[PDB]
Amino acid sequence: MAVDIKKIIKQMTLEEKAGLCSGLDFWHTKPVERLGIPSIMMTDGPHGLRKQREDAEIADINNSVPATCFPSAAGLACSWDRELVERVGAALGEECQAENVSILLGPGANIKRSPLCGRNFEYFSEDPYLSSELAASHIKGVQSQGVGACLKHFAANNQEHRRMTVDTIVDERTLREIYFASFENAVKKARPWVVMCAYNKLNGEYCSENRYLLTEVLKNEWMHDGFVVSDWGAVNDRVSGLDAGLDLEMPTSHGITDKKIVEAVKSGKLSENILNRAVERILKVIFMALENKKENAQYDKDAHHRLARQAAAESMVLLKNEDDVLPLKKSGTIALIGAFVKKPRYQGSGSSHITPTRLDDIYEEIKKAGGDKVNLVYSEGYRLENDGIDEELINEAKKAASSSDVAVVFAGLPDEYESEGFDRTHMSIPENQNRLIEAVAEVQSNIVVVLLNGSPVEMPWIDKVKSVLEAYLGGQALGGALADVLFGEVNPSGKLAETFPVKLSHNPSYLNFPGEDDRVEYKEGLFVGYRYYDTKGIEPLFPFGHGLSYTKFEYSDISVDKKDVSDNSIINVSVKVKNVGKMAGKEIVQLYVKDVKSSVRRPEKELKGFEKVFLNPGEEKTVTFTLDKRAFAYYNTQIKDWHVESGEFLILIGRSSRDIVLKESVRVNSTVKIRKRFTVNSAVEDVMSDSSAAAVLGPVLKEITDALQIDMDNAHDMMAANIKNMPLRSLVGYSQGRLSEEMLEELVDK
């Protein structure tokens, strides 16, 4: 096919090639009817299709063709289930084929640096391994149906405030280990047809014209074979952008930037090979979509609704379950309290907003699962229409809670709190909802709180409640999934993909979010998410990877393939997980790697593997993990490559980042050695660390150290520490030759 692609570009005029690198309208590429090049359509989004209708204004974001609204990424990621996410991706692909969409503008895979980021609900995790794995699964599913996925937003689009002008200042190592890392394996393992650049600047340059970002990292290093699309209106200098690696500008600019491409080529400022390479990347995707186009495609809207119900039920997180209040008994009286019972929160706002084909009713689904023997009572409790206080609602809700055997309060973040375009300003539930939970907990000790929200929230009442069910934004089948888990038809198996801090101010980005004067600096560096709380010793409300189950899982017999391993070697880790309870369920096994000693500062531990296993009561199965070099390597900026510092590494396997149950030690070694360059201002102790250089300076230093009667093995003496901190030039001040020192420095480097 590629031989035919080159033949088509030879037949295209310069104006036709430059027009292809820009959109036709808001969602379509320009056709070339002369050569049979068709026009393809791309649209949102990550957790559901949002195709705008024909007779709709461009700003009418929600006026779209009905499609399945799946759980958003923030909740779906809590499944830790690569298979479940791929199936949701395949369902999205099926719906694209049915609606003649060639490219889905998803998934979103930006790192959750701050809990306040407005789009956290449609992102996966604060961890680059969990994010990349689930993003790769999402892409594989979408593209298994013959349509393209668009990974976004590349990169470091971690706040909505000033996202179109802010200069994001991130050091290289933090990028390689955290923000680039979230996208890296999604590109490498899933090979998405398109990657979308971000609105923001990264270290002085907009991502749409950042050649290091788009060409050096994405296209050359990671070998991205598809094309790169801009975010909508993210193009600044089109010619600079095309040379940097931005292939397709969206939306259309009505030929303004197209004429700039043609004039720059004819002027000689822009090589035509740059244009041909971008056209070739775009045409490859266009014809790959045409090749996989399914005529008269249909999907089963009811089957996708049941999938959305399963996806939500298997990603809900049981944060707390004191006295095993959940699952609810199918008897007695159950009280449902909250405005979210009738008007539930199930998705976010912005370009990802979905017009659902259906929407489950929470009260009816629970009543259906409860049965005849259950008496179901509802009380409004609080009102979303007014952020005020209404003691009549609180008093009526307390009376309903007292008469019942159990009270279930549905609370969380209203629709206005979370959206694309702006961030949250605080991390707390509306006060009228907090007053209700505390009031219900006073009169009914058996109180369950169901949280509907796209991002972490503070829970000041956490000690007054028995059960907290975190459903995130569960999609259009939230009601059924809630009924399934609350009554135990589904054993909850979701575990958090991001840290829930006690206070917003605890979070690592707090002092540097959202920045000042079109500038934000990631001064926390690597220490994002649980990496911060673990290393700082700060206890979150609920840690990364936390999630309970109606059953208990016992870990035992941790195995390792090897104990002494090299950089180019591979270790195999094994653990046996047994369901020691009475109810079947799925357990998310988590593997972390700890570097006990390293010259560079690294987090306490980093997630490097996760699997989900289903276990019947009493059943035991073995779970396996493979450990790459990348499981032990940090990014070394000097050699511009991943490096493993020789030392001991702990393989931590547990039920959460703070529930490690088994550990094993391994020793990983490297043949790579970093060469340090010394000067006349280099510390004496640093030069004596290189045995080659120590042979040159050791004897000379011995003459001065004994003449000064200084002990150098006394690690608690000032003069010993002065000799260690001394620059080499100060040694000549005792007894040497200035020129002789320069020769010794040359020999040390040689």
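Start at 1 and count along the sequence shown; that's the residue number.
Enquirer: Test of understanding: from the entry's C-alpha B-factors, which stretch has the higher mean, 655 to 663 or 419 to 427?
Expert: The deposited B-factors put 655 to 663 ahead on the C-alpha mean.
Enquirer: Out of 610 to 618 and 206 to 214, which stretch has the higher average CA B-factor listed in the record?
Expert: Looking at the recorded C-alpha B-factors, 610 to 618 comes out higher on average.
Enquirer: Taking the values straight from the PDB record, which of 698, 66, 38, 46 has the highest C-alpha temperature factor?
Expert: Checking the PDB record, the top C-alpha B-factor among 698, 66, 38, 46 is at 698.
Enquirer: Per the PDB entry, which option out of 597, 531, 266, 281 has the greatest Cα B factor?
Expert: Across 597, 531, 266, 281, the entry lists the biggest C-alpha B-factor for 597.
Enquirer: Could you place residue 678 in the lowest, middle or highest third of its chain by Cα temperature factor, using the values in the record?
Expert: Highest third - that is where residue 678 ends up once the chain's C-alpha B-factors are sorted.
Enquirer: Sorting the chain's modelled residues by C-alpha B-factor, tell me whether residue 299 ends up in the lowest, middle or highest third.
Expert: It falls in the middle third of the chain.
Enquirer: With respect to C-alpha B-factor, does residue 331 fall in the lowest, middle or highest third of the chain as deposited?
Expert: Tercile = highest for this residue's CA B-factor.
Enquirer: Which third of the chain does residue 549 land in by C-alpha B-factor: lowest, middle or highest?
Expert: Middle third of the chain for residue 549's C-alpha B-factor.
Enquirer: Is residue 588 in the lowest, middle or highest third of its chain when residues are ranked by C-alpha B-factor?
Expert: Answer is middle: the recorded C-alpha B-factor places it there.
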